[PDB]
Student: 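This is the structure I have questions about; it appears just below.
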There are 4 protein chains.
Amino acid sequence: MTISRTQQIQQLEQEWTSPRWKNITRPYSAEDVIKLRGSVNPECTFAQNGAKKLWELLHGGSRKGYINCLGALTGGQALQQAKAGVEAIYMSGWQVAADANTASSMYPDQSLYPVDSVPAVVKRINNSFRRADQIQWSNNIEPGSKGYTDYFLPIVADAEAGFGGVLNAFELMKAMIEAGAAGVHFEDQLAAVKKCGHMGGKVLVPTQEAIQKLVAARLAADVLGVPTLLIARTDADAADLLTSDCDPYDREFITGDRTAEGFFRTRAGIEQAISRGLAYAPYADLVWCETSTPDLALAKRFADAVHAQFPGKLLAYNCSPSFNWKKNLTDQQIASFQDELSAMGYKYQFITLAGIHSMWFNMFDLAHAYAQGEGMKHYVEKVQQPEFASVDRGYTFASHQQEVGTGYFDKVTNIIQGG
Amino acid sequence: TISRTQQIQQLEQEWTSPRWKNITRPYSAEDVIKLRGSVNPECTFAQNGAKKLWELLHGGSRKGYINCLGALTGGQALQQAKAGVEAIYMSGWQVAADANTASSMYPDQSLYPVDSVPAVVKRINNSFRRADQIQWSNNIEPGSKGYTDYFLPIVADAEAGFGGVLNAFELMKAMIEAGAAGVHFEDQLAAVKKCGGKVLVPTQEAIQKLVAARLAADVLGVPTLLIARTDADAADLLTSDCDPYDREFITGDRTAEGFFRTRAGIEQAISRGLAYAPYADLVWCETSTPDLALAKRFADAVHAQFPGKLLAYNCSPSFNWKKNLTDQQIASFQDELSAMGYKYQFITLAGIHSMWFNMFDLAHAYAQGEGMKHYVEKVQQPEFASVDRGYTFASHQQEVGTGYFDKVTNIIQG
Amino acid sequence: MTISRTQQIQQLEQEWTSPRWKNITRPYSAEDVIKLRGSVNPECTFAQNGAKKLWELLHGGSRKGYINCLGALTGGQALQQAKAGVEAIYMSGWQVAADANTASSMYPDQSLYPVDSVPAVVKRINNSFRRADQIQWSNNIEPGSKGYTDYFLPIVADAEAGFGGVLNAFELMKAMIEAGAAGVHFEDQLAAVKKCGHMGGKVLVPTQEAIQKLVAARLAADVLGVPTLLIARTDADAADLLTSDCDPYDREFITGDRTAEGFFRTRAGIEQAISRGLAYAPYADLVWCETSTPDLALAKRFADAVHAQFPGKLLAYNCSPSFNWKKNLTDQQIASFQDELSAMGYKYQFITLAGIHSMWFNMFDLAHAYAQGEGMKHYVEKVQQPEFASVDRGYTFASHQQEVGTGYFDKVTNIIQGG
Amino acid sequence: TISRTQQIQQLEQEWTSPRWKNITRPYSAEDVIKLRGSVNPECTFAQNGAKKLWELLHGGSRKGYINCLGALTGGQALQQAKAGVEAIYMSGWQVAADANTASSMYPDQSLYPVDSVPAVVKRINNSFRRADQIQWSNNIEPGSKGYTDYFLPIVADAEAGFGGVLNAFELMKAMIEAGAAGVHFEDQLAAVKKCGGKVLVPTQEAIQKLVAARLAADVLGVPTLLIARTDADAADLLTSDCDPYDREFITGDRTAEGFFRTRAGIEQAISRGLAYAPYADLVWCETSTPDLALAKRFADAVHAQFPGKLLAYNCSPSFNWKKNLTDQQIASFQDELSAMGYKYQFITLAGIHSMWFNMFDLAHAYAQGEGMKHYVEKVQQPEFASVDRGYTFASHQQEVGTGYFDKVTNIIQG
C-alpha cells in the first residue's frame with residue numbers, strides 16, 4: 001500500500017507516543033520533519049538494526065546489566081571484539097584523529113580531521129561485521145549453536161561538536177546514520193578555540209547553543225526515520241571557560257573575568273556539569289559527564305542530581321585510559337569499578353582509547369624484540385603461541401584465510417563456475 | 001635551462017652509476033624522457049626512502065640483513081620506528097583484510113581498488129612526518145640525544161599490477177608518489193586462482209610487468225627498489241604456453257579452463273628467478289614452508305649466474321614453527337637466511353596478527369567483567385614497564401602532536 | 001513476520017517465475033543465492049526504484065517509445081538532464097576515465113582508473129537527484145503540477161569488463177547497486193591487452209569467459225535482491241583479436257594467424273558480433289553491439305538475427321559522438337536516426353560522450369572570448385542571456401541559490417531554531 | 001648540511017626580497033623553522049604556481065589585469081588553458097554544489113568536508129600535467145610551435161578556514177600540497193548565517209586566520225598568494241564586540257542570538273580592507289552589485305594608506321547586467337576595474353553555469369526527439385567551427401592521453 005504524505009505525518013506522530021520516546025522533548029512538529037524528508041527516503045538497514053539492538057541492550061538485554069566498550073579504530077578490531085563477546089562498539093574521535101581519518105594524517109584531538117572521517121570508519125566496521133556474518137551464514141552456523149557470533153554490534157560514534165553550526169551537526173548526524181551508527185554523541189565544548197597555555201583549557205558554548213546541536217541531531221534522525229541513540233556529553237567538569245554569557249542559564253557560573261579572546265571564566269566542577277546534564281536530559285537518550293579522574297563519589301553526585309529530576313535516566317561514563325589506576329585505587333576498587341558505576345545507572349561505559357593503546361603497545365612490544373635479532377623466536381613467543389592458546393576462548397584468526405572470507409569467496413567462485 | 005638532449009645525456013650518465021650495475025633496461029634514455037613532460041614534480045619521500053633502502057642493503061643494516069613486520073596503519077609503522085625497526089613492510093594481504101579504499105574485508109585475490117596500498121603508504125609517511133615534526137619542535141635534530149630517524153623506507157606490495165602493463169605502470173607511479181622506497185610484483189594471476197591453486201603467467205609477461213614498473217620509476221626519476229616475486233614454487237598451472245622459456249615445465253595436460261599444467265617446485269621457481277634477475281633489484285621465491293634447504297637451493301642457483309644478487313624471503317606467520325623446528329632453529333632462522341644472501345626478510349602478516357590477537361585478548365576478559373582490572377593488567381601496566389625500552393605512548397597526547405599543535409597555536413596568537 | 005532462510009529461498013524461486021525474468025537463464029540455484037546473502041541484507045532503495053522504473057520505461061512507459069540518453073559525468077549534469085525531460089542517465093566509463101575518477105587523473109579508455117570510480121559518480125548523481133527532490137517536496141510541488149520533475153532517473157552504468165576476474169565483476173556489480181545504479185553493462189574485450197600500432201586494436205575474450213562475467217553480475221544482483229538491468233556489450237564488430245581459442249564456439253571466426261603475444265586473429269564484423277549477441281542473450285536483459293559507424297542496415301541485420309532466435313529481445317545502441325554525421329548522412333537521415341533504430345527494437349540508445357563534449361566545448365567557447373577582453377560582454381551573451389531565454393523551457397538555474405538547496409537548508413535551520 | 005641557525009638565517013634573508021615588501025608577520029623566522037621538521041617535502045606545483053601568479057600580477061598579464069572563470073573539473077580548467085586563459089579561479093560555491101568529497105549537493109554555507117577544494121585543485125593540476133605530457137611526447141616543448149603552458153596558477157577558495165586557526169593552518173597546507181598558487185579567506189561566519197544575513201567575526205579574529213595561513217605557507221616554504229576577503233559591505237551582524245577596532249560600526253542593538261548589529265556598507269568594508277592589507281597580498285571587497293563608484297571608493301581608501309596594493313574583484317554571475325548597464329558599460333567593466341587597481345578579477349560561478357546551462361539546452365531538445373540533429377547542431381558542428389580558435393577536443397582520443405599511453409605501451413613492449 002502506498003503511503004501518503006499525510007500518512008507519513010500520522011505514523012510519525014504515532015511513533016512518538018511509543019515507549020522508545022518517553023520523556024523526550026522535540027521542539028518541532030511531525031509535519032516539519034516530513035517536510036524535510038523528500039519523496040524517497042532511502043533505507044538505512046544497519047542503523048535501524050543497531051539502534052533497536054542498542055535500546056534493548058540498554059534496558060535489560062545486556063549480559064552484565066551494563067554495556068562496556070573499548071574504542072575501535074579498524075573494522076578488524078571491532079570484529080575481534082565481537083568474537084570476544086563485547087556487546088557494542090565505541091567509536092572514538094580521538095583515535096580517528098590519531099590514526100584513522102580521511103586526511104591520512106596524525107592529529108591531536110581538536111576537530112582537525114575532515115568531517116567524513118568518523119562515518120568512514122563506522123562504514124568499515126559494519127563491512128567487517130557483514131563479511132563475518134556472510135561467512136557464518138554460508139556455513140549455516142546458527143544462533144544458539146557452538147561457535148556462533150552475533151556480529152552486528154551496535155556502534156556508538158563520536159560526533160565531536162558537529163564541526164560548525166547546527167547544519168554541520170545535522171549533516172554529520174545523517175552521515176553517521178547512513179554509515180550505520182546505532183548511537184551518536186555531541187559535546188558542549190568548542191575545540192576550535194581550546195586555549196593554549198597553563199591558564200588555558202577547554203571552552204564551553206552557551207547551554208542554549210549546546211541544546212540546539214542536540215535538536216539538530218534529533219531532527220536529522222527523525223527525518224531519516226531512524227531511532228538512533230543520542231548522547232549528550234558535557235565538558236563542564238573541567239572547562240572553566242565559556243564563549244559567551246548570552247544564556248541566563250549559565251550566569252550563576254560566570255566569575256566576571258574575561259580572556260584576551262573575550263571568553264568568560266566560569267567555576268568548573270561537578271555543579272557546572274550537573275547544570276549542563278540537567279539542561280540536556282530532555283533532549284538526549286543518555287547524558288555523559290566527561291571525566292578525567294575516575295571517582296565513584298563524584299559519579300554518584302552526578303547521577304543522583306540528574307535522577308532527582310529525571311528518574312531512571314540512562315547515563316554514560318568514560319573510563320580514563322591515562323589515569324594511573326593501580327597508583328590511585330586498590331586492586332579491589334579497580335576490579336569492581338564498572339560494576340559500581342552500573343548500579344548508579346551508568347549503563348553505557350567505555351575506554352575511549354583502548355583500541356589504539358592495544359594496537360600501538362603490542363606493535364612496539366613485538367618490534368622492539370624482533371629488531372634486535374632472533375626474530376622468529378619473538379614472533380612465535382609473542383604472537384603465534386598466544387594465539388594457539390586462545391582457540392578455546394573462541395579466537396579463530398589462527399585460521400587466517402577463512403577469517404577474511406577466503407572460504408566465502410571460494411563459494412562465490414564455485415557457484416559462478418557451476419560444477 | 002635543461003634541453004632535451006641535456007636531460008637524455010644526464011639520464012644516460014645516471015645509468016652508469018653503481019646503483020644500476022647489472023640492471024637491464026630494454027628501452028632508451030630518449031624513450032624515458034619522451035614520457036616525462038616538461039614539469040616533473042618532486043617526490044621527496046620516495047627519493048629519501050629509495051636512497052636509504054639501498055644503503056641498508058649494502059652495509060647499512062645493523063645485523064647484516066633487514067627484517068620487517070607488515071604494518072597496516074601509520075601508527076603501527078610509527079611504533080616500529082620507535083622500537084628500532086629499520087624498514088617497513090607493506091602487505092597487500094593486510095590491506096585486503098583491513099585497510100583498503102573499498103572499506104571492506106577481502107581475502108587475498110586482488111579484489112580491492114588499486115589506490116589502496118598507495119593510500120596506506122601515504123598514511124605511514126604522514127605518521128613519520130608528524131613524529132619528526134614533534135621532535136624537531138623540541139630541538140631534537142639528527143645528532144641530538146633522543147633523535148630517531150622516523151622516515152623508514154617502505155617496501156610495498158603491488159600484487160601483479162592490477163591488469164596490464166599500463167596498470168602496473170600507473171600503480172608504480174602511485175607507489176612512488178605516496179613515498180614507497182621499494183615495490184614488489186609477482187607472476188601469478190589472482191583473478192583465475194583455481195578452486196586448484198595459483199596460476200602463473202608466461203615468463204615474458206612477468207618480465208613485461210617488471211619493465212613497466214622500472215619505466216615508471218625512471219620517468220619519475222626515482223631509484224625505487226624493484227623486487228621480483230615468483231609464485232612458481234607452488235603454482236602448477238600456467239595461463240599460456242606462448243613463452244618457449246617455460247616449455248620444460250609444461251606437462252602437456254590442459255585444464256577445462258584451458259590452462260597448462262606445469263611441474264611446480266624449486267626448479268620452476270629457479271627458472272623464474274633467473275629470468276627476472278636482470279630486471280629487478282631483488283628476487284624473491286614465495287614460500288609457504290620455511291625450509292633452509294630449499295632456500296639454499298634457490299640462492300645457490302641464482303648466485304651461480306648472478307653473483308651477489310640481493311634476495312628477499314617471506315617468513316610464514318601461519319607455519320607452526322614450534323611444532324616443526326627446534327627453538328634453536330627458530331631463533332637462528334633469519335640469521336641463517338642472511339648468510340645465504342637473503343638480505344630483505346619479512347613477516348607479511350605480523351601487524352594484523354599483532355593487532356587482531358591483542359584486541360581479542362583484551363576484549364574477551366573485559367567482556368566477562370572486572371573490566372578495568374583487565375585493561376590495567378593487559379595494557380596500562382605493560383606500557384609503563386616498556387618506558388625504558390623507548391615506548392613513549394603512555395604520554396598519549398604528545399605522541400599524536402598535541403604539543404606540536406599547541407606550539408602552532410601559540411605562534412599564531414603571539 | 002520474520003522471514004526464515006527457507007522462506008527466502010522460496011520467495012526467490014517464486015520471483016524467478018515472474019514476467020521480469022521471462023527467458024532469462026541462471027546456471028545456479030535459489031539456494032546458492034541465499035547461501036551468499038548473509039543474515040542481514042541491507043536495503044538498496046535507489047537501486048530498487050531505478051531498476052523497476054527502467055523496466056517500465058523499456059516496456060511502454062517512455063515518452064517516445066525508446067529511451068535516449070546522454071553521458072553525464074557530474075550529479076549536476078544529470079540533474080539538468082532530469083529538468084530537461086530526459087528519462088534515464090547514461091554513465092560513461094570513458095568520461096569517468098577522462099575527468100571524473102578516484103585517481104583524480106586524466107586517462108584514456110583502457111580500464112586504468114580505480115574500480116570504485118564509476119560507483120562513486122553514480123552516488124553523486126543520486127545525491128543531486130535526492131537534494132532536488134527534497135527541495136521540491138519541501139515546497140509541496142506534486143506530480144502532474146506545473147514545474148514538477150520526477151528527479152530519480154534510472155542510471156545505466158559502464159562496468160567495463162569487471163576489472164579482472166569473475167570476483168572482480170561480482171564486487172563491481174554490487175558496488176554499482178549499492179551506489180544506486182538501475183542497470184549495468186559488461187563487455188567482452190580485454191582493455192589491458194589492447195594492441196598498440198596500426199595492426200593492433202581491441203582484443204576479445206572467449207565467449208565462455210564473457211558469459212561467466214554476465215553470470216557473476218547476475219549473481220551479485222540476485223544476492224542483493226535487486227532486479228538490476230544487465231546489459232551485455234559485444235566488441236566483436238571491430239575486434240579482430242581473441243585472447244584464446246579454448247571455446248569451440250569461437251572457432252569459426254579464427255583465421256589461424258597468431259600475434260607475438262599469442263593472441264588469435266579473427267574475422268571481425270557483423271557475423272562475429274551476431275555470434276556474441278546470440279550467446280549473451282540468455283544471460284542479459286539487453287544486448288548491445290558496440291558500433292563506431294552508425295549504420296541502419298547493419299543495425300537491422302544485428303536485430304533481425306538476434307530476434308530470429310530471441311523474439312522481442314531488448315537491444316541497446318550507442319550513437320557515436322565522433323562520427324561525422326553531416327558529412328555522411330543527410331539532415332533527414334540524421335533527424336530520424338534514433339526513431340528508425342527504435343522501430344528495430346533498440347529501446348535503450350545513448351551518446352556516450354555527450355556530457356563531456358557539452359562541458360568541454362562550452363567552457364572553451366566562453367573562455368576563448370573572455371580571455372581576449374570585454375569579459376562581461378561574453379559572459380552575458382554566451383551564458384546569462386541564453387539562460388534567461390530558457391526559463392519557459394523549464395530551466396531554473398538562473399535562480400542559482402534555490403537550485404542547490406539554499407531554501408531547503410533555510411527550512412532546516414528554521415525548524416531547528418524554532419520560531 | 002643545513003643547521004637550524006642556517007635555515008633561520010636563510011628564511012630571514014628571503015623575507016627581505018621584493019616578494020615580501022610591506023607584508024607583516026607577527027612571528028619570527030625561528031618560530032617558522034621550529035614547525036618545519038627535519039624533512040620538508042617539495043611542493044613543485046605550488047612553487048611554480050605562486051611564482052607565475054606573482055609575475056602575472058606584476059607586468060606579466062596580457063591585458064594588465066588577470067580575468068578568471070570558476071572551474072569545477074580538471075577538464076574545464078584544461079579547456080580554459082587551451083582557450084588562452086592565464087589563471088584558474090577555484091570556487092567554493094561550485095565545489096559545494098557539484099564537486100565535493102561528500103558527493104552531495106550543498107548551498108554555500110561551509111557544509112562540505114574540508115578536503116574538498118584541495119581535491120579539485122589536485123584534479124586540475126593532473127589534467128594540466130597530462131596535457132603537458134601529451135605535447136612533450138610529441139616533441140612540443142617551451143618555444144616550440146604549438147606549445148601551450150598548461151600549468152596555470154590556481155587561486156582557491158578556503159572560505160573562513162573551517163573552524164579555528166588550526167583548521168585554517170591545515171587547510172592552507174592542503175591547498176599548497178595540492179598545488180594552489182593563491183588562497184583566499186573571508187571574515188564571515190557561515191555557520192551562523194541568520195535567516196537575517198551574513199555575520200562577521202571581529203577584525204582581530206579575521207587577522208588571526210590570515211596569520212595562520214601565512215604561517216602554513218612559510219612553514220612549507222612556498223610564497224603562496226594570500227587574498228583577504230571582507231564580507232563587510234553587506235554583513236550587518238557581528239559575533240562579538242571584543243575588538244575595539246570594530247567599535248565605530250556597532251549600533252548597540254543585539255539580536256536574540258547575542259550578535260551585535262553593525263552599520264554595513266562601504267565604510268565597514270574599507271575598515272576591514274585596511275586592517276587586512278598588512279597581512280595579505282591582495283584584498284577583496286565581496287560585492288553582490290557591480291558598481292564602479294563603490295569600487296572606486298574602496299580602492300581609493302585602501303590606496304591612500306597602502307599605495308599600489310593589489311586588489312581583487314568578483315564579477316557577479318547573477319546580477320542582471322543587460323538590464324542595469326549599457327552594452328558599452330558591460331564591455332568596458334573589467335578594463336575600468338583594472339585602472340583602479342583591481343588586478344585579479346573573476347566570475348565565481350562561470351563554470352557551473354556554463355556546464356549546467358548547456359547540459360539543459362542540449363538535453364531539452366534531445367528529449368523531444370530528432371536526437372542526433374540536436375547533438376550535431378548544438379555540439380558537433382560548433383566544435384568543428386572552433387578548430388581555428390585552438391579547440392582540439394574533436395580529436396577526443398588524443399585529448400585525454402590515448403596517444404601518450406600508446407607510446408608508453410610501445411616503449412614497454414619494445
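Order of the sequence lines fixes the chain letters, A, B, ..., with proteins taken first and strands second; residue numbering starts at 1 for each chain.
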Student: May I ask you to check whether over 12 heavy atoms, not counting those of B:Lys122, lie within 6.0 Å of atom NZ?
Tutor: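 Count not over threshold, so no.
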
Student: For chain B, find which of A:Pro108, A:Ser128, A:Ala72, A:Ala120 contributes the most heavy-atom pairs closer than 4.5 angstrom.
Tutor: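 Highest number of heavy-atom pairs under 4.5 Å: A:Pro108.
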
Student: Sort A:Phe337 into side chain, backbone, both or neither according to what part of it lies under 4.5 angstrom from a heavy atom of chain B.
Tutor: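 Looking at A:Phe337, just its side chain touches chain B.
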
Student: For the ring pair B:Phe357 and A:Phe397, is the centre-to-centre distance below 6.0 Å?
Tutor: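 Ring centres of A:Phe397 and B:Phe357 not closer than 6.0 Å.
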
Student: Is it the side chain or the backbone of A:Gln372 that comes within 4.5 Å of chain B heavy atoms, both, or neither?
Tutor: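 Only the backbone of A:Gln372 comes within 4.5 Å of chain B.
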
Student: Measure distances from A:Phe129 to the heavy atoms of chain B and classify the residue's part below 4.5 Å as side chain, backbone, both or neither.
Tutor: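 Neither part.
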
Student: Taking B:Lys82, B:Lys378, B:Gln345 one by one, which has the highest count of heavy-atom pairs under 4.5 Å against chain A?
Tutor: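 Most heavy-atom pairs under 4.5 Å with chain A: B:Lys82.
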
Student: What is the minimum heavy-atom distance between B:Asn126 and A:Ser104, and which atoms define it?
Tutor: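 Between these two residues, the closest heavy atoms are ND2-O, 2.8 Å.
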
Student: Looking only at non-hydrogen atoms, find the nearest pair between B:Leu78 and A:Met106 and report the distance.
Tutor: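 Scanning both residues completely, I find the closest heavy atoms to be CD2-CE, 3.6 Å.
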
Student: Given a strict heavy-atom distance threshold of 4.5 Å, which part of A:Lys64 is in contact with chain B: side chain, backbone, both, or neither?
Tutor: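 Only the side chain of A:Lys64 comes within 4.5 Å of chain B.
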
Student: What part of A:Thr413 gets closer than 4.5 Å to chain B, counting heavy atoms only: side chain, backbone, both or neither?
Tutor: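 Contact with chain B involves the side chain of A:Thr413 alone.
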
Student: Looking only at heavy atoms and a cut-off of under 4.5 Å, which of B:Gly74, B:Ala97, B:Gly390, B:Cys195 has the most pairs with chain A?
Tutor: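 Between B:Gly74, B:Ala97, B:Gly390, B:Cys195, the count favours B:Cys195.
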
Student: Chain B heavy atoms under 4.5 Å from A:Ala100: which part of the residue, side chain, backbone, both or neither?
Tutor: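 When you check distances to chain B, only backbone atoms of A:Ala100 fall under 4.5 Å.
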
Student: Rounded to the nearest 0.5 Å, what separation is found between the CD atom of A:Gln77 and the CG atom of B:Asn358?
Tutor: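 Answer for the CD-CG pair, A:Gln77 versus B:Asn358, is 10.0 Å.
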
Student: Against chain A, label B:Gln80 side chain, backbone, both or neither, depending on which of its atoms sit under 4.5 Å from a heavy atom there.
Tutor: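 Both backbone and side chain of B:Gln80 come within 4.5 Å of chain A.
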
Student: Quick one: what part of B:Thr73 sits under 4.5 Å from any heavy atom of chain A, side chain, backbone, both or neither?
Tutor: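 For B:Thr73, heavy atoms of backbone and side chain both lie under 4.5 Å from chain A.
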
Student: Would you check, one step at a time, whether the test side chain to side chain contact (heavy atoms under 4.5 Å, CB included) holds for A:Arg131 with B:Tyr106?
Tutor: CA-CA 8 Å; A:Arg131 185 76 73 225; B:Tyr106 287 126; 3.4 Å; yes

Student: For the CG atom of B:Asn67 and the CD atom of A:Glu374, what is their distance to the nearest 0.5 Å?
Tutor: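 If I round to the nearest 0.5 Å, the distance is 11.5 Å.
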
Student: Could you tell me whether A:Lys377 atom NZ has more than 12 heavy atoms of other residues or ligands within 6.0 Å of it?
Tutor: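 Check fails, neighbour count at 12 or below.
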
Student: Heavy-atom distances under 4.5 Å only: say whether A:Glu87 touches chain B with side chain, backbone, both or neither.
Tutor: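 When you check distances to chain B, no heavy atom of A:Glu87 falls under 4.5 Å.
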
Student: Check the surroundings of atom CZ in A:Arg63: do more than 12 heavy atoms from other residues, nucleotides or ligands lie under 6.0 Å from it?
Tutor: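 Incorrect, the count does not exceed 12.
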
Student: Contact between B:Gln380 and A:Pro321 at the side-chain level, heavy atoms closer than 4.5 Å - yes or no?
Tutor: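 Answer no - side chains too far apart.
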
Student: What distance separates B:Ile412 CD1 from A:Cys196 SG, expressed to the nearest 0.5 Å?
Tutor: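 Going from the CD1 atom of B:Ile412 to the SG atom of A:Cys196 covers 9.5 Å.
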
Student: Is A:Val86 in contact with chain B via its backbone, its side chain, both, or neither, using a 4.5 Å heavy-atom distance?
Tutor: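 Its backbone and side chain both get close to chain B.
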
Student: Quick one: what part of A:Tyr370 sits under 4.5 Å from any heavy atom of chain B, side chain, backbone, both or neither?
Tutor: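 Backbone plus side chain of A:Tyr370, per the 4.5 Å heavy-atom cut-off to chain B.
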
Student: Would you mind telling me which of A:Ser322, A:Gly355, A:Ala97 has the largest number of heavy-atom pairs within less than 4.5 Å of chain B?
Tutor: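 The option with the most such pairs is A:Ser322.
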
Student: Does any heavy atom of chain B fall under 4.5 Å from the side chain of A:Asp365, the backbone, both, or neither of them?
Tutor: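 When you check distances to chain B, atoms from both the backbone and side chain of A:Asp365 fall under 4.5 Å.
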
Student: Go through it in stages, so that I can follow the logic: the residues are B:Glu383 and A:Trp360, the test is side chain to side chain contact (heavy atoms under 4.5 Å, CB included), and I'd like the CA-CA distance, side-chain angles, deciding distance and then a yes or no.
Tutor: CA-CA 10 Å; B:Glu383 289 184 313; A:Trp360 286 18; over 6 Å; no

Student: Measure across A:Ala84 and B:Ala367 and return the closest heavy-atom pair with its distance rounded to 0.1 Å.
Tutor: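 Here A:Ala84 and B:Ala367 meet closest at O-CB, 4.1 Å.
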
Student: Check each atom of A:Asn101 against the heavy atoms of chain B and say whether the ones under 4.5 Å are side chain, backbone, both or neither.
Tutor: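 Contact with chain B is through the backbone of A:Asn101 alone.
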
Student: To the closest 0.5 Å, what do you measure between CG (B:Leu69) and NE2 (A:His378)?
Tutor: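 Those atoms lie 11.0 Å apart.
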
Student: Apply side chain to side chain donor-acceptor pair (under 3.5 Å) to residues B:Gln397 and A:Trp94 and explain how you reach the verdict.
Tutor: CA-CA 10 Å; B:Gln397 300 284 55; A:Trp94 196 108; 2.9 Å; yes

Student: Hey, are the side chains of A:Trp325 and B:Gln381 touching, using non-hydrogen atoms and a 4.5 Å cut-off?
Tutor: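 A side-chain contact under 4.5 Å is absent here.
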
Student: Sort out for me which of B:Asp335, B:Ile352, B:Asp327 touches chain A most, counting heavy-atom pairs under 4.5 Å.
Tutor: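 Maximum pair count with chain A is reached by B:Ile352.
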
Student: Under a 4.0 Å threshold between the charged nitrogen and the carboxylate oxygen, would B:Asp98 count as salt-bridged to A:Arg124?
Tutor: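 No, A:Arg124 and B:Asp98 are not salt-bridged.
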
Student: Count the heavy-atom pairs under 4.5 Å between each of A:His357, A:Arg130, A:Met363 and chain B, then report the option with the highest count.
Tutor: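 Counting heavy-atom pairs under 4.5 Å, the top option is A:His357.
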
Student: Taking every heavy-atom pair that is under 4.5 Å apart, which of B:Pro382, B:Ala256, B:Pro290, B:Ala394 has the most such pairs with chain A?
Tutor: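 Sorted descending by pairs with chain A, the first entry is B:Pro382.
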
Student: Heavy-atom distances under 4.5 Å only: say whether A:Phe409 touches chain B with side chain, backbone, both or neither.
Tutor: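 The answer is the side chain of A:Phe409.
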
Student: Which residue out of B:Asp108, B:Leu72, B:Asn125, B:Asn320 racks up the most heavy-atom pairs below 4.5 Å with chain A?
Tutor: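 Answer, by heavy-atom pair count under 4.5 Å with chain A: B:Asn320.
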
Student: Quick check on A:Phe388 against chain B: is it the side chain, the backbone, both or neither that has a heavy atom closer than 4.5 Å?
Tutor: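 Only the side chain of A:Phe388 comes within 4.5 Å of chain B.
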
Student: Taking the side chain as C-beta and beyond, is there a heavy-atom pair between A:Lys326 and B:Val376 under 4.5 Å?
Tutor: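 Result yes, sub-4.5 Å side-chain heavy-atom pair found.
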
Student: Among the options A:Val404, A:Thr406, A:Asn414, pick out the one with the most heavy-atom pairs lying under 4.5 Å from chain B.
Tutor: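 Among the listed options, the one with the most contacts to chain B is A:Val404.
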
Student: Heavy-atom distance under 4.5 Å to chain A: side chain of B:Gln398, backbone, both or neither?
Tutor: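 Interface part for B:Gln398: neither.
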
Student: In Å, rounded to the nearest 0.5 Å, how long is the span from CG of A:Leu353 to NE2 of B:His396?
Tutor: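 NE2 of B:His396 is found 6.0 Å from CG of A:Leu353.
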
Student: Which answer fits A:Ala103, side chain, backbone, both or neither, if we ask what part of it has an atom under 4.5 Å from a heavy atom of chain B?
Tutor: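 Contact with chain B involves the backbone of A:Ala103 alone.
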
Student: Measuring from A:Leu366:CG to B:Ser354:OG, what's the distance to the nearest 0.5 Å?
Tutor: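 Spacing of CG (A:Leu366) from OG (B:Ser354) equals 6.0 Å.
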
Student: Using a cut-off of under 4.5 Å for heavy-atom pairs, which of A:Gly407, A:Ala78, A:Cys69 has the most such pairs with chain B?
Tutor: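 Top count of heavy-atom pairs under 4.5 Å with chain B: A:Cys69.
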
